[PDB]
Each structure stands twice: as structure tokens, then as C-alpha cells.
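What follows is a set of notes on a single structure, which appears directly below.
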Amino acid sequence: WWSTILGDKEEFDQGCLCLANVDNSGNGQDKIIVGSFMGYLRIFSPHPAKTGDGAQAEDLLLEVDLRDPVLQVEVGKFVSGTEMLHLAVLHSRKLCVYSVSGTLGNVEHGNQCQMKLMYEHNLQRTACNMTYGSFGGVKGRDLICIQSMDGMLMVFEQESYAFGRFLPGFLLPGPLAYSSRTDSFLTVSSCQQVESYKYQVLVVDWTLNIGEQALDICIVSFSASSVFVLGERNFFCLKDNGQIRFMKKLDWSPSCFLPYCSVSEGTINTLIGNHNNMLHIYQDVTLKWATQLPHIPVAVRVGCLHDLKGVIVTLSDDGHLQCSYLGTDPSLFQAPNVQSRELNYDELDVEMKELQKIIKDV
Amino acid sequence: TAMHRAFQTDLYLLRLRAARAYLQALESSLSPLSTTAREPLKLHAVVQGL
Amino acid sequence: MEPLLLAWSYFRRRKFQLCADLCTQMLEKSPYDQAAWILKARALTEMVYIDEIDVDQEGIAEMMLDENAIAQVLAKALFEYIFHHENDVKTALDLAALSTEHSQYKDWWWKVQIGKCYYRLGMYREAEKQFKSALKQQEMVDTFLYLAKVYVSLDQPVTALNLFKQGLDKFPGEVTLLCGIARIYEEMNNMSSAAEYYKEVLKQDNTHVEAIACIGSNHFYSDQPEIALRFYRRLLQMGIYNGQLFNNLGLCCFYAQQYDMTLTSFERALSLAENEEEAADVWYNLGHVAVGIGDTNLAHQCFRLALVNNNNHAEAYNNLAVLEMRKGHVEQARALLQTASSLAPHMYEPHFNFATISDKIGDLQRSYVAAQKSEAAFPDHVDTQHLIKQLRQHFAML
Amino acid sequence: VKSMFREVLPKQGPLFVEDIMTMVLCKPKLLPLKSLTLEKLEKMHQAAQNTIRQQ
């Protein structure tokens with residue numbers, strides 16, 4: 001369907017891709033945001049490119065170097081007194097917020113945004129990663145935490161830094177998220193304890209031993225509130241009190257995952273990527289469809305691509321951004337949630353016989 | 001009718017590939033069977049051989 | 001610091017060999033850094049790491065590799081983990097027992113691991129009391145694969161059943177439980193109730209590889225050689241591309257009478273074969289093709305090349321010396337069956353076949369002990385019971 | 001007058017009239033497919049010979 005190769009010998013991991021419409025456009029047509037271990041932030045919007053045996057121009061819209069490592073980018077509402085969306089960018093020793101503004105110049109590489117740094121925030125420690133959420137129960141806006149490398153929580157409100165405490169049970173930094181419904185900071189240390197500290201200004205609330213470490217934590221609700229944790233070998237689904245709803249044992253080893261939208265009540269769909277270039281879609285434990293990939297993903301998101309829903313982006317660690325290669329029809333795990341150029345040739349052909357010039361082949 | 005001629009010309013390489021690998025070992029006499037001096041030869045690693 | 005992050009970010013994308021050198025590059029920068037010490041540990045762990053037994057998934061076996069369709073049908077926690085790839089079980093057990101006495105609950109992981117150390121050596125019962133206590137506090141899928149692993153090796157097939165219907169109703173529709181239950185049924189050859197469960201691991205999870213062959217083999221025997229092909233052309237399209245599969249794909253197309261892919265699949269199977277003992281078996285199955293067309297001169301040098309590429313191939317010694325008895329070489333044939341039996345002290349087919357050469361001559365004493373073992377190694381045979389009673393009339397009187 | 005195409009088949013076969021005691025062959029075997037642990041453990045052990053072939 002579409003491909004590109006970005007940069008040269010630049011590395012990436014998870015947290016270096018999102019999919020939203022940060023410029024607060026009325027049509028809601030979401031845009032790609034790509035970080036790097038250099039500062040080479042891109043913003044994409046791949047136009048529908050047909051099978052015409054050519055490379056279409058102006059694939060990139062803007063590119064701003066920051067000459068610094070970009071750990072993890074985040075979209076969200078990060079200016080008080082407005083409901084706009086603002087890209088938040090983390091460096092290894094500094095924290096930035098770039099309010100996006102669409103320039104006077106239009107499409108085909110007119111530098112669609114200039115980097116309007118609203119407020120840089122100095123760092124006391126170097127960080128691992130971070131997340132965003134309306135902590136405390138405020139409406140409209142969303143605040144920003146910081147997990148340090150040695151591990152401590154520096155919460156930042158849009159006006160200023162709020163307060164700081166250390167993270168107990170630390171031996172090595174793990175992933176981290178904030179639950180919206182149960183208003184707690186869900187993390188997992190290196191001692192295999194999935195923990196959830198209370199937001200209040202430490203003693204643990206409730207722990208759970210899960211057997212191993214975990215790459216990524218995601219929390220969605222649609223209503224059913226459910227905490228998902230993909231471990232190194234297994235794959236959990238936690239209830240809010242600390243109940244394992246179900247599990248699944250993986251013989252392979254996963255790379256990145258994302259529990260996007262559902263099709264039925266109670267059901268919720270999940271995508272997993274192997275290291276054997278295989279993708280797996282998943283109703284809660286029930287496998288549904290699984291087809292190959294050109295490479296090993298390191299992050300996956302799901303957004304809208306030019307008013308088409310059910311889009312799958314596959315960012316690697318080299319610079320690949322090949323997306324949604326139309327297995328049978330580029331749809332969600334719902335029963336054909338979108339056609340999205342479903343008109344094509346075929347899928348899963350039958351005959352494997354050559355039957356051509358086999359006579360007189362001696 | 002295409003299937004019949006597909007079998008013969010694939011089997012015709014099979015007789016050649018077998019005999020070219022048969023005579024490759026018969027002249028070297030790798031087989032544990034003989035005709036002139038008429039014994040076979042079986043051999044094994046025993047349990048105490050560890 | 002960029003070296004510490006790039007070390008940890010190499011572990012996330014599991015670039016392991018690029019991680020351990022960069023982590024120990026940070027080792028001399030400090031006297032002791034606990035983060036790099038466990039990262040140098042844990043990146044060295046996942047270079048090789050296997051847990052289960054050699055679980056190689058057959059399609060044609062009942063007992064000692066017999067054929068079918070003629071029979072029927074803290075930081076120290078991961079420092080503990082560096083001992084488990086080195087398999088020094090007793091040394092790990094000290095600091096395992098030291099740390100579980102340091103925190104004597106809330107660690108089911110340390111409970112099931114010490115039981116895994118006890119099963120790794122041979123302490124069956126001491127393991128059997130150990131991780132049962134962890135299951136009474138925690139619901140985890142691998143612990144059901146731990147209780148119901150030691151009990152099968154303790155040889156109690158009904159005690160395996162209760163766990164495989166206990167945890168199946170707390171983890172509903174789970175895959176690897178439903179494969180563990182249909183694997184002990186094939187151990188007792190309960191294929192009346194085995195192949196229904198393998199129709200459930202294919203109901204959901206429609207690409208599990210080791211439950212695609214074990215249905216696509218149990219249809220090739222008992223006369224469904226067309227359905228068994230459909231389970232093997234699909235397993236090709238996943239893209240595994242072995243040498244063993246182009247054998248099985250060659251056999252199913254011939255017996256289903258599909259003469260196009262029947263033999264190109266064998267020439268690709270002769271190539272890309274790993275060991276020299278492995279290209280014997282593809283020559284041997286080619287012999288059963290060659291008997292099917294009727295060419296015996298072709299068939300005589302297919303088992304021979306299977307035999308010169310691998311001696312002690314017990315199924316070929318018997319199979320070569322039926323072709324000898326078709327010609328007339330009696331004393332040649334009766335020595336190959338004599339050494340086919342001594343290689344396979346199971347597998348009734350040389351034993352019965354000895355007692356129709358050595359019966360036509362008249363030696364009714366060796367042709368009894370021949371057709372004695374063709375009863376003990378396979379009872380309910382027809383033409384053994386028409387032969388022992390043929391001999392026991394001669395032994396009483398005239 | 002288009003074509004005759006009359007090739008009358010005998011519609012009968014050689015029925016057996018008794019069983020004969022004969023010699024039967026070993027049956028053809030389907031090779032097992034090795035697991036992804038056995039594929040890994042063989043690949044690791046195959047490289048374990050070449051690192052000791054030089055040392």
C-alpha cells in the first residue's frame with residue numbers, strides 16, 4: 001500500500017511514534033509523529049499512492065532537527081486555558097513543549113509548523129520515559145509526569161513543576177502508566193510486582209506478582225475498564241482491583257502491542273508482533289487472523305489515514321515506516337470495519353502446480 | 001492428459017538420479033551386502049560404550 | 001546518560017550481543033553498578049534459554065517409533081537465574097532457599113522455581129509437595145503445566161486429567177492447556193478422545209503448527225489421504241520450509257492420486273536435507289513409491305541407497321528382503337530379516353515375516369520362536385493366530 | 001455418425017476365491033516436524049562443534 005525509508009543509521013524504539021491530529025483540525029484527520037535518537041522529528045500524511053510504478057514526491061511535510069536524543073513523544077492537551085492538542089517532546093536532560101501552528105504555507109514541504117516552544121522545563125535527573133493524564137480528576141486538560149533513570153516522580157503541570165518523590169522498590173526502570181478511572185499510577189518494577197501507587201502526596205496500595213518483566217503497559221476502556229500488560233513471555237489482562245481476567249502463553253517472543261477498539265461488549269481486540277515478522281490480531285484470547293510483515297516492528301499505533309479507519313503503522317528501529325500492506329482488506333479486527341481500498345486482486349491462492357514446460361524439461 | 005506426461009519426465013530423471021548415486025557407492029562397495037563372499041555385516045554401539 | 005539508555009534500549013529490541021559488550025564497557029567506569037551488573041547478567045541469560053523437554057511432535061508413532069495403518073487407526077533473583085542456563089541446580093538452591101526464608105510469603109515465583117529445581121534433578125515428591133502450595137494461592141497457566149508435568153512422569157494418567165479440567169474453567173479456551181491434554185491421550189493411544197481436542201486447538205488458534213500435523217497425519221492413515229493433504233499444503237503456506245515437510249507432502253499427493261506434485265516434492269526433499277542419516281528416510285519413502293509403479297529394479301536400489309546412507313535402518317532391511325524372496329534368494333533374505341529383528345526388538349513385521357520363510361522350508365522350531373514374538377509385540381494379528389495354531393497341531397501329535 | 005466411441009469394458013473383475021498366506025512390507029512413514037525448541041537447540045549445538053573445532 002505504502003512504504004518509506006527515513007533517515008540514515010538512526011535508531012528507534014517504542015514510544016517514538018504516535019497518531020493524532022495535534023493541529024486541532026476540524027476534520028480530525030490524524031497525523032504521524034516520528035521521533036528518533038537524533039532530533040529529526042518528522043510529521044507525515046501519506047497521500048493515497050496508486051500502483052503506478054513511481055515514487056510520489058513531497059512525502060514529508062516538515063522536518064526540524066533538535067540536535068539531541070528524543071526519547072518519547074506525546075500528543076495531548078498541554079496548555080492551561082485551552083482545549084488544543086500540543087506535542088510534548090522529551091530529551092535525555094531537557095523537557096520541551098511545542099504548540100503546533102499551521103503556517104501560512106500549505107502542502108509540499110513548506111515547513112508546516114515552526115517550533116514554538118511554550119515552556120522548556122529543566123531536569124534535575126535524566127529520565128527513562130513518561131506518560132500523560134488528567135491526574136487529580138481535573139477536566140479538559142492533561143498533566144505530565146517524569147520517571148527518572150534511577151526512578152523518581154517529577155510531576156509537571158502546564159504552568160510549573162508540581163512536586164517530587166522517589167519511587168520505592170526500584171532496581172531497574174520499567175514501564176509506567178496512569179489509570180484514568182481508578183486514578184492511580186500503574187507501574188512495574190524489576191521485582192516482578194505490578195504496582196499502582198496513589199496520586200496523593202510513600203506506602204504501596206496493592207501489588208501483584210506476575211512472574212517476569214514486561215515491555216509495555218496499556219490501559220483502555222470502552223463500558224469495561226481493563227489493564228493490559230504484555231510481559232516478556234506471557235500476556236496478561238488485569239482487572240482494576242488486582243484480578244487476572246485471563247492470560248495467554250506465547251511460545252514466540254513479542255515486540256510491541258496495542259489494544260485498540262473492540263467489536264463487542266466484553267471483547268477487546270489486541271495486536272501482537274513477533275520477531276519472526278508475523279503479526280497476530282487477538283480477540284481476548286481467541287486468535288482471529290495472522291499474516292506476515294516486511295520487518296520486525298518496534299512500535300505500532302492505530303489511527304486514521306485520509307478518512308480511512310483501521311490503519312496499522314509499523315515503525316522499525318532502522319527507519320522503516322511501511323504501513324497497512326492490505327492482507328485481505330485493510331480493516332480493524334472488527335468484522336470488516338472498513339474497506340479502505342479493499343478492491344484488489346486476491347488473497348490466499350490455491351494451486352501450487354507449475355504445469356508449464358515440464359514436458360521436454362529433460 | 002497433462003498430468004500423465006508430467007509424471008514420466010519427472011520419473012525419467014528419477015531413474016537417472018538413483019543409478020548415478022547407486023553406482024557412486026557400489027564401485028566404492030559401501031553396501032553391507034555381497035554376492036561372491038556371501039556374508040552381511042551389521043555393527044552397533046553397545047550400552048557399555050559410553 | 002546515553003550509554004546506560006542505549007544499553008537498556010538494546011535489550012528492549014533484544015539486540016543481545018550488541019548489548020553485553022556495551023554494558024560491560026560501563027563496568028570499569030564504576031566499582032559496582034547494580035543496574036549494569038544485572039543487565040550484563042540478563043542479556044547473557046536470553047542468548048539461549050529453553051524450558052520444556054524435547055517435545056518433537058510426531059505424526060506416526062505408538063511405542064518405540066512404530067509405524068501405523070497395519071497395526072490400527074531482589075537483584076539476586078536474576079543472579080539466581082544465571083545458574084539456570086548453566087544448569088548448576090544445587091548451588092542455585094542454596095540462595096533460592098536463603099531468599100525464600102528472607103521473605104516467607106508473597107513469592108509464588110520462588111515457590112514454583114524451587115520445585116522446578118527439584119524436578120530438574122529428580123526430587124519428584126519434594127517437588128510435588130512444593131508447587132502445589134503455590135497453586136492454592138495463584139492462578140497461573142504455567143503452574144498447571146508444572147503440576148501436570150511431574151504427575152505424568154510419575155505415571156498417573158488420571159491425575160493429569162483433573163488439572164486439565166480444573167484450570168480449563170478458570171482460563172477458558174486456553175490453547176496450550178488444550179494441547180497438553182491431547183498429548184497424554186496419544187501416549188495411551190486414546191485417539192477416540194485425542195483428535196477431538198486437536199479439533200479445538202484448531203477451532204480457535206487456526207495456525208498452531210504442532211496440532212496441524214497431528215491431525216494431518218491421523219488422516220493419512222485410516223484412509224483419508226486427500227484430507228491429510230489439505231492440512232499439509234496449508235502448513236506450507238505459513239512458510240516454514242523444512243526438508244521433513246517435503247517428504248510428507250510427497251507421500252500424501254501420491255496416495256491421494258495427484259501425480260503432479262508427487263515427485264518434484266521428493267527431489268526438493270533429497271536436496272536441503274540436513275544430516276546424512278536424514279536423506280536415508282527420503283530414499284526409503286521413495287521405495288514405497290517405486291513398489292507402487294511396479295518397477296522392482298528401481299525399488300531395489302531405493303532401499304539400498306537408504307541403507308548405504310544409513311545402516312541400522314531396521315524398516316529397510318525387512319523391506320529389501322521381501323524383494324529378494326520375490327526373486328528366489330532364500331538364504332539371502334533369511335539373513336536380512338535375521339538382522340532386521342536384532343535391530344528392532346519390537347515392531348512385529350520381521351518376526352512374522354521370518355515365520356513364513358522358515359515355515360515353508362520346514363524348520364518348525366525356529367518358525368515358532370519367530371511367530372512367538374509376532375504375538376507378544378503385536379497381539380490381535382490375524383495371520384499370526386492362523387500360524388501358531390497351525391504349528392501347535394504339529395507339536396502335539398500327527 | 002459423429003462418432004462411435006464404443007469401447008465396451010468387461011464390467012467384471014478377478015474375484016478372489018481363497019486367502020493366501022503372503023509376506024507383507026513395512027509401511028511408509030511420515031517424518032515428524034521438529035519443534036521450535038528442537039530447531040533452536042540443534043542450531044545452538046551445531047555451532048557448539050565449530051567453536052571447539054578451532055579451540
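Letters A, B, ... go to the chains of the C-alpha cells in the order shown; residues in each chain start at 1; ligands are counted from 1 in the same order.
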
For chain C, work out the contacting residues on chain B at 10 Å, counting only C-alpha atoms, and write them as a compact mmCIF listing (two decimals) with N, CA, C and O atoms, in the first residue's frame.
```txt
# COMPACT_ATOMS: atom_id res chain seq x y z
N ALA B 2 -2.35 -33.67 -19.33
CA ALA B 2 -1.09 -33.03 -18.97
C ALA B 2 -0.45 -33.70 -17.77
O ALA B 2 0.77 -33.62 -17.59
N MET B 3 -1.25 -34.37 -16.94
CA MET B 3 -0.71 -34.97 -15.73
C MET B 3 0.09 -36.23 -16.02
O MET B 3 1.01 -36.56 -15.26
N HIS B 4 -0.24 -36.95 -17.09
CA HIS B 4 0.46 -38.19 -17.39
C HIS B 4 1.87 -37.91 -17.88
O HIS B 4 2.83 -38.57 -17.45
N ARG B 5 2.02 -36.95 -18.79
CA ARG B 5 3.34 -36.60 -19.28
C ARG B 5 4.17 -35.87 -18.24
O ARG B 5 5.40 -35.82 -18.36
N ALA B 6 3.52 -35.29 -17.23
CA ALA B 6 4.27 -34.69 -16.14
C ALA B 6 4.88 -35.75 -15.24
O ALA B 6 5.90 -35.50 -14.60
N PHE B 7 4.27 -36.93 -15.17
CA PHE B 7 4.81 -37.95 -14.27
C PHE B 7 6.02 -38.64 -14.88
O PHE B 7 7.00 -38.89 -14.17
N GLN B 8 5.97 -38.95 -16.18
CA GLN B 8 7.02 -39.74 -16.81
C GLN B 8 8.34 -38.98 -16.87
O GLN B 8 9.38 -39.51 -16.49
N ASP B 10 9.30 -36.63 -15.02
CA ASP B 10 9.86 -36.44 -13.69
C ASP B 10 10.38 -37.75 -13.13
O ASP B 10 11.33 -37.75 -12.35
N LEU B 11 9.77 -38.86 -13.53
CA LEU B 11 10.28 -40.17 -13.16
C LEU B 11 11.50 -40.55 -13.98
O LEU B 11 12.32 -41.36 -13.53
N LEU B 13 13.97 -38.57 -14.76
CA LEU B 13 15.12 -38.08 -14.03
C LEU B 13 15.36 -38.89 -12.77
O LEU B 13 16.48 -38.91 -12.25
N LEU B 14 14.33 -39.56 -12.26
CA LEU B 14 14.45 -40.28 -11.00
C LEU B 14 15.25 -41.56 -11.17
O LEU B 14 16.02 -41.94 -10.29
N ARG B 15 15.06 -42.25 -12.30
CA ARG B 15 15.87 -43.43 -12.58
C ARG B 15 17.33 -43.06 -12.78
O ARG B 15 18.23 -43.80 -12.37
N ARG B 17 18.86 -40.27 -11.48
CA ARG B 17 19.42 -39.76 -10.23
C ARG B 17 19.69 -40.89 -9.24
O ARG B 17 20.63 -40.80 -8.44
N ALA B 18 18.90 -41.96 -9.30
CA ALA B 18 19.15 -43.10 -8.43
C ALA B 18 20.39 -43.86 -8.87
O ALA B 18 21.29 -44.13 -8.06
N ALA B 19 20.46 -44.21 -10.16
CA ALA B 19 21.55 -45.05 -10.65
C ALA B 19 22.89 -44.33 -10.64
O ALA B 19 23.92 -44.96 -10.43
N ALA B 21 23.68 -42.29 -8.31
CA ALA B 21 24.06 -42.37 -6.92
C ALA B 21 24.22 -43.80 -6.43
O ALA B 21 24.87 -44.03 -5.41
N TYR B 22 23.63 -44.77 -7.13
CA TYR B 22 23.85 -46.17 -6.80
C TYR B 22 25.26 -46.59 -7.17
O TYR B 22 26.00 -47.13 -6.34
N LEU B 23 25.66 -46.35 -8.42
CA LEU B 23 26.99 -46.73 -8.89
C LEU B 23 28.09 -45.92 -8.23
O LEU B 23 29.24 -46.35 -8.22
N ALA B 25 28.34 -45.56 -5.11
CA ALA B 25 28.70 -46.29 -3.90
C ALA B 25 28.98 -47.76 -4.14
O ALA B 25 29.67 -48.38 -3.34
N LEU B 26 28.45 -48.34 -5.22
CA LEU B 26 28.69 -49.75 -5.50
C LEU B 26 30.14 -49.99 -5.90
O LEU B 26 30.74 -50.99 -5.49
N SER B 29 31.87 -49.87 -2.98
CA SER B 29 31.45 -51.05 -2.21
C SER B 29 31.02 -50.69 -0.79
O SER B 29 31.34 -51.39 0.17
N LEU B 30 30.27 -49.59 -0.66
CA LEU B 30 29.80 -49.15 0.65
C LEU B 30 28.71 -50.04 1.22
O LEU B 30 28.42 -49.94 2.41
N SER B 31 28.09 -50.89 0.40
CA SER B 31 26.92 -51.62 0.85
C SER B 31 27.33 -52.75 1.80
O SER B 31 28.36 -53.40 1.59
N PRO B 32 26.54 -53.01 2.84
CA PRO B 32 26.83 -54.14 3.73
C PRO B 32 26.37 -55.50 3.21
O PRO B 32 26.21 -56.43 4.00
N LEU B 33 26.14 -55.62 1.90
CA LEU B 33 25.72 -56.88 1.30
C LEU B 33 26.68 -57.25 0.18
O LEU B 33 27.25 -56.38 -0.48
N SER B 34 26.86 -58.56 -0.03
CA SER B 34 27.76 -59.06 -1.06
C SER B 34 27.20 -60.32 -1.68
O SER B 34 26.19 -60.87 -1.24
N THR B 35 27.88 -60.79 -2.74
CA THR B 35 27.41 -61.93 -3.51
C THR B 35 28.50 -62.99 -3.67
O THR B 35 28.22 -64.19 -3.59
N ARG B 38 29.88 -64.36 0.83
CA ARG B 38 28.44 -64.18 0.98
C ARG B 38 28.02 -63.79 2.39
O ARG B 38 27.00 -64.27 2.88
N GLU B 39 28.77 -62.92 3.07
CA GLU B 39 28.25 -62.58 4.38
C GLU B 39 27.75 -61.14 4.41
O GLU B 39 28.21 -60.31 3.62
N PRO B 40 26.79 -60.80 5.26
CA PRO B 40 26.48 -59.40 5.53
C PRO B 40 27.26 -58.92 6.75
O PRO B 40 27.95 -59.69 7.43
N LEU B 41 27.12 -57.63 7.03
CA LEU B 41 27.88 -57.02 8.10
C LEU B 41 27.00 -56.00 8.81
O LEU B 41 26.64 -54.97 8.23
N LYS B 42 26.66 -56.29 10.05
CA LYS B 42 25.92 -55.38 10.90
C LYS B 42 26.84 -55.00 12.05
O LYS B 42 27.70 -55.78 12.46
N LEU B 43 26.66 -53.78 12.56
CA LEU B 43 27.55 -53.29 13.60
C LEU B 43 26.81 -52.23 14.39
O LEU B 43 25.90 -51.57 13.89
N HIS B 44 27.22 -52.06 15.64
CA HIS B 44 26.42 -51.30 16.59
C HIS B 44 27.30 -50.77 17.70
O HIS B 44 28.39 -51.29 17.95
```

Residue hits in chain C, query chain D, radius 7 Å, only C-alpha atoms, as a PyMOL selection string:
chain C and resi 50+54-60+67+244+248+285+288+315+319+349+353

May I have a table of the residues of chain C lying at most 9 Å from chain A, giving each one's closest pair of atoms and their distance in Å to one decimal, counting only C-alpha atoms, ordered by chain and ascending residue number, as a tab-separated table?
```
residue	atom	partner	partner_atom	distance
C:1	CA	A:126	CA	7.1
C:2	CA	A:92	CA	7.7
C:5	CA	A:128	CA	7.7
C:9	CA	A:13	CA	7.0
C:10	CA	A:13	CA	8.9
C:12	CA	A:215	CA	7.2
C:13	CA	A:298	CA	7.0
C:14	CA	A:255	CA	8.9
C:34	CA	A:171	CA	7.7
C:35	CA	A:172	CA	6.2
C:38	CA	A:172	CA	8.9
C:74	CA	A:191	CA	6.1
C:75	CA	A:171	CA	7.0
C:77	CA	A:191	CA	8.1
C:106	CA	A:209	CA	7.7
C:107	CA	A:209	CA	7.2
C:108	CA	A:209	CA	7.7
C:109	CA	A:211	CA	5.9
C:139	CA	A:244	CA	8.2
C:140	CA	A:247	CA	8.1
C:141	CA	A:249	CA	7.4
C:142	CA	A:249	CA	8.0
C:170	CA	A:246	CA	8.1
C:171	CA	A:246	CA	6.0
C:172	CA	A:246	CA	8.2
C:173	CA	A:285	CA	7.6
C:174	CA	A:248	CA	6.9
C:175	CA	A:248	CA	7.7
C:176	CA	A:249	CA	7.3
C:204	CA	A:286	CA	5.8
C:205	CA	A:287	CA	4.9
C:206	CA	A:287	CA	7.2
C:207	CA	A:290	CA	8.3
C:233	CA	A:352	CA	8.7
C:237	CA	A:348	CA	8.5
C:238	CA	A:291	CA	8.6
C:260	CA	A:353	CA	7.0
C:261	CA	A:353	CA	6.6
```

Atom-to-atom span, atom CA of residue 68 of chain C and atom CA of residue 164 of chain C, Å
28.2 Å

Output the contact residues of chain A with respect to chain B at a cut-off of 10 Å, based on only C-alpha atoms, as a list in words.
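Selected residues: residues 355, 356, 357, 358, 359, 360, 361 and 362 of chain A.
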
Can you tell me, as a ChimeraX atom specification, what residues are no more than 12 Å from residue 119 of chain C when counting only C-alpha atoms, ignoring any on the same chain fewer than 6 positions away?
/C:51-53,89-90,112-113,125-131,146-147,149-151,153-154

So which residues touch residue 265 of chain A within 12 Å, counting only C-alpha atoms, skipping near sequence neighbours fewer than 5 positions away, as a list in words?
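Non-adjacent residues within range: residues 221, 222, 223, 224, 225, 283 and 284 of chain A.
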
What does the file look like for those residues with N, CA, C and O atoms, as a short mmCIF file (atom, residue, chain, number, x, y, z; two decimals), in the first residue's frame?
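Now in result_31.cif:
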```
data_model
loop_
_atom_site.label_atom_id
_atom_site.label_comp_id
_atom_site.auth_asym_id
_atom_site.auth_seq_id
_atom_site.Cartn_x
_atom_site.Cartn_y
_atom_site.Cartn_z
N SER A 221 -10.44 1.72 28.03
CA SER A 221 -11.80 1.41 28.45
C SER A 221 -12.73 1.83 27.33
O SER A 221 -12.41 2.73 26.54
N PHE A 222 -13.88 1.18 27.25
CA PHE A 222 -14.83 1.46 26.19
C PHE A 222 -16.27 1.34 26.67
O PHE A 222 -17.21 1.67 25.95
N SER A 223 -19.53 -0.26 29.43
CA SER A 223 -18.09 0.02 29.42
C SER A 223 -17.33 -1.00 30.25
O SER A 223 -17.85 -1.55 31.21
N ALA A 224 -16.08 -1.24 29.87
CA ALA A 224 -15.24 -2.22 30.56
C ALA A 224 -13.85 -1.62 30.74
O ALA A 224 -13.14 -1.38 29.76
N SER A 225 -13.48 -1.38 32.00
CA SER A 225 -12.14 -0.91 32.32
C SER A 225 -11.22 -2.12 32.50
O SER A 225 -11.54 -3.04 33.25
N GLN A 283 -8.83 -11.29 19.43
CA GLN A 283 -9.94 -11.25 20.37
C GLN A 283 -9.42 -11.96 21.62
O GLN A 283 -8.59 -12.86 21.48
N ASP A 284 -10.00 -11.64 22.78
CA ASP A 284 -9.39 -11.59 24.14
C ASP A 284 -8.30 -12.64 24.33
O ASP A 284 -7.18 -12.28 24.72
#
```

What does the structure give for the distance between atom CA of residue 370 of chain C and atom CA of residue 71 of chain C, in Å to one decimal?
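Between atom CA of residue 370 of chain C and atom CA of residue 71 of chain C the gap is 18.3 Å.
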
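In terms of minimum interatomic distance to chain D, A:252 ranks closest within A:252, A:17, A:122, A:325, counting only C-alpha atoms.
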
Taken to one decimal, the atom CA of residue 113 of chain A-atom CA of residue 33 of chain A distance is 12.6 Å
